[PDB]
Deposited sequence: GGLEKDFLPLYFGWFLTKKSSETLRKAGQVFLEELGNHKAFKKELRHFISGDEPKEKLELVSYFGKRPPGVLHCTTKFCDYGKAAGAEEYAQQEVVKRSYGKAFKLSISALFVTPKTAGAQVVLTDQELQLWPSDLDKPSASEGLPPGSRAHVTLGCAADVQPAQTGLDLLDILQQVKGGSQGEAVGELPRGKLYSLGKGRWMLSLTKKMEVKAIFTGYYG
């Protein structure tokens, strides 16, 4: 009788969202104007001057930003029911957390921010079994992220997949030397239109763990 949320996750406060939102926009402009990116557009899009990444990532989160833990679809998603049953979930419901943003990334499909979860937060991370083939050798929670924008033709949960793809390269020493220096950190060109800004100082955001029902 009692149905679950659309998904659980950490929803940022109004200011943490505004700060992170603004930060993401600066990156999409700094990256768009960087000559290292403009000479690589052939790997990003298949058409043609300069591209404005902000407009490119037109499908943005309208309200407050968030970090999804477990997509439930009101209980239809596999493992949704077992996740909500967890004591840590019910105990943590409505409680405040601080999330650490380590990097900002961009791909032909998505623009997001990498979240590094603490051990207590990892307790709220789902350990469902029907895994991806992208999480091999990566620690659980690596997928943790905040979506800042999607291209027009992109599916949801793509931002999470893109991140894992990026981190798989970093693990394989395939990230390469930095191709630039932005005021917030070092810029990286990972090829295939993938980019990463490793923040000098990790950005902390306040958030509330809860459920979205839409």
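Write out the missing regions of the deposited sequence in sequence order, one range per stretch.
Unmodelled stretches, in sequence order: 1-4, 53-55.
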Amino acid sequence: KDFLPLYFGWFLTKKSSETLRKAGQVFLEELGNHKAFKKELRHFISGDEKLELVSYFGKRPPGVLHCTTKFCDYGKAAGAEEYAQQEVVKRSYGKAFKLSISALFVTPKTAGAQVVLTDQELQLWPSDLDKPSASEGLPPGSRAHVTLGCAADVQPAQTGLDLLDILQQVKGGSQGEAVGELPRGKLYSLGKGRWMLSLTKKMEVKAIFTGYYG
From here on, numbers count along this sequence of modelled residues.
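Tell me which of 97-105 and 131-139 has the higher mean C-alpha B-factor in the deposited entry.
Between 131-139 and 97-105, it is 131-139 that shows the higher mean C-alpha B-factor.
Please compare 149-157 with 38-46 and say which has the higher mean C-alpha temperature factor in the record.
Result: 38-46.
Comparing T69 with the other modelled residues of its chain, is its CA B-factor in the lowest, middle or highest third?
Lowest third.
Please place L53 in the lowest, middle or highest third of its chain by C-alpha B factor as given in the entry.
Its C-alpha B-factor belongs to the lowest third of this chain's values.
Please place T200 in the lowest, middle or highest third of its chain by C-alpha B factor as given in the entry.
Its C-alpha B-factor belongs to the highest third of this chain's values.
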